[PDB]
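Take a look at the structure tokens below, where one protein chain is shown in two forms, each on its own, as structure 1 and structure 2.
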Structure 1
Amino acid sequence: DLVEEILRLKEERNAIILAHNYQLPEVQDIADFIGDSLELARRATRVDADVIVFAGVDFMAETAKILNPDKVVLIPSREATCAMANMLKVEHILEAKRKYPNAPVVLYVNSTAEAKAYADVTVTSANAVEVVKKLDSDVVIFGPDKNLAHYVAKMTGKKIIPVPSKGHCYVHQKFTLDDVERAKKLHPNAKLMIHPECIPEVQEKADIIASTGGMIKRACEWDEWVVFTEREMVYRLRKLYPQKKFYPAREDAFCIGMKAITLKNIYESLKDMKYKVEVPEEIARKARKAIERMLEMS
């Protein structure tokens, strides 16, 4: 029985399990903390665990390691990867800095640790506007998501240059205006909670624009919601709010990287102490400074 063995090994390893909101229900049920990556990493800094098992994708485990350098961070599969974060290369950043002289470089926290090391500051979707409004530049380099960049440009009035120019999340790009229309026909009493990684024309139809943490916070505002994000979030919301209704905007909105994590490989991760996530000291130092600036600016 995986669950029993996982729980026993978690105690033996002095480990905590951090699960992203898109993890399967059976994985979330054995997690200590559930949320988005930055809040998970920060919550781990307040406990004296020796090991973090990160049920999530590579860049999220990296953020955990950046904020918890004295803990062993394990990712159950190195195939738990983020296509959007992987679109951005260091060369994209250096080239953009050359093309937009002196413009600040802002990195969405959904990004690799290496990319954060070239950032002046990081942002979450929830603090991106507040942070960017404090940059005294009409032009801002922003990556890796062009769709969040559009939202930031709209809310700040600044010229936001996405890096890379076509960076985006393939999961959230699946949502279309037809999915909006289908939702309104089938669920006329529902409101639409839409992730800022969705395309601009879909964002425009939202009742709320929110990351997963904001979806949980603002779900209290209505009794029925159609959810424009990765489909496992619906189960997360249903378990949090059993008396509300939540429906996926698309049944096929599936992050392959997130589903690389299984009960079986969480068991194997704890049993064998793999796969170790490391962040080079200099990259970690610079990524840490960009995260610290984000707190100072919000």
Structure 2
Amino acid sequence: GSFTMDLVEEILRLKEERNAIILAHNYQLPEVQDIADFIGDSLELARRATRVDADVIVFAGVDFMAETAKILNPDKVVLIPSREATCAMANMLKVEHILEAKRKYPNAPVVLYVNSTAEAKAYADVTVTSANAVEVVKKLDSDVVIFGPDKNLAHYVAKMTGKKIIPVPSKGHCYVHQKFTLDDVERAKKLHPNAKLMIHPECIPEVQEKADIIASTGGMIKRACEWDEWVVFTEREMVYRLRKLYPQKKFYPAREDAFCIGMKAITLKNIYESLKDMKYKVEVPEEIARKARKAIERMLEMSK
């Protein structure tokens, strides 16, 4: 035939030529999800990054996630297709916040959401994600923990563990999940009265209280078998992921306008260019990386 390769075919060929794997987050565009080798939540992506046989990891996600993969694979090439793929919640937490909390509470473990910079993780005793934060905090040997950046996840952790949670910083949150209100809950239940509600713990507490299940996107996938019809209170591309996994169920976005600009910095074109040009190479300074790796490997040990 006369036709040549499209972007998908170019990517497939370059993945072979580079001995590369494409890891994608659940909030990636559908056409990016469709070319990824593995798709998951933050914990699943971290765990998957400990069994990489490929030489090159193309990370269809935000920079903190790519940095986590690099911390776990210092001697592989990790590529981020755009350096503008970044997380507003993670940027809210600075070293100065951690140091001030450690001064007040020197005996409190420092528990940092993976939505955090590599520099911040160097100060964590253990990292967490939305999937394992309750379990990890429960098991730590202290009734007081320093926790951040996300204050809404911190609220959920405090509720479920009964422990004293010292937030760092004071107001960390995700603007995507802050879009959900009690009015969205009322509207969803009126439009879909037989559906149950899957709610991310980055949503505000009063919205969390309306959930049938509170879960990371990975937990949403794991527990979707419990009902046939769900309203999805997270970033709207998760609806595509759930529909692909469970074509026989029904999924509805809680809000179509719950979009993460940083996630959508990743495009099919810039994944192609990432493999073609071997860019942008993610690097983490050795001293930071070694300290962060200790905290991440502790997380993986404490949460299977």
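We call the rigid core whatever largest set of C-alpha positions still superposes within 1.5 Å between the two forms. Residue numbering: structure 1 sequence, from 1.
- Message: Quick check for you: superpose on the rigid core, then look between structure 1 and structure 2 for a C-alpha move of 2 Å or more. Which of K166, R78, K134, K217 is it?
- Response: Among the listed residues, the one whose C-alpha moves by 2 Å or more is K134.
- Task: Could you check whether the CA atom of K99 moves 2 Å or more between structure 1 and structure 2, using the rigid core for the fit?
- Result: Indeed, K99 is displaced by 2 Å or more.
- Message: If the core is used for the superposition, what shift in Å does the C-alpha of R43 show between structure 1 and structure 2?
- Response: Core-aligned C-alpha shift comes out at 1.8 Å.
- Align on the rigid core first, then pass along the CA displacement of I283 between structure 1 and structure 2 in angstrom. In the core superposition between structure 1 and structure 2, the C-alpha of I283 moves 0.8 Å.
- Task: State the core-superposed CA shift for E292 between structure 1 and structure 2, in Å to one decimal.
- Result: Looking at the C-alpha of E292 between structure 1 and structure 2, the offset is 2.1 Å.
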